[PDB]
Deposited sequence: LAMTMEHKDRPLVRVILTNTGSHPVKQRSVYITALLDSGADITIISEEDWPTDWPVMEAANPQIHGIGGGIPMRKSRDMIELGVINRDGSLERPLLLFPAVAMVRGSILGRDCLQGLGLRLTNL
């Protein structure tokens, strides 16, 4: 992944979220879009992007996913980045955010070199 930072374009990517828990869910993997945000310590899925039967456990009022989620970043040309596993936060936010826990899993750096 390589994206230039521009004031006008939000650094957005497509993402595949997969629930790896035991219990049945209506849809085990969904596609969403999310912002690459070096300003967030953790990844937060918005309530509108989160499947209603994916359970959550209990400034910003947030819950954490109870099941482990596999997150795959999909690039603008459809190529896949390495999948990561985490327990994301779920909150009532504008759009989903990929924080530094995912930016570091992806090996990213901010650079003009």
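Within the chain's deposited sequence, the coordinate-free stretch is confined to 59 to 69.
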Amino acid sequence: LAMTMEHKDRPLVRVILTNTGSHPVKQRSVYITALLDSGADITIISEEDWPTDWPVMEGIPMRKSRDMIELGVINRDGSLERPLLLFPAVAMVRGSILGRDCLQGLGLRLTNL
From here on, numbers count along this sequence of modelled residues.
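For the pair 74 to 82 and 35 to 43, the record assigns the higher mean C-alpha temperature factor to 74 to 82. Checked against the record, the higher mean CA B factor of 103 to 111 and 4 to 12 lies with 4 to 12. Ranked against the other modelled residues of its chain, the C-alpha B-factor of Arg28 as given in the entry falls in the lowest third. Sorting the modelled residues of the chain by their CA temperature factor places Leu98 in the middle third. Among all modelled residues in its chain, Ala91 ranks in the highest third by Cα B-factor.
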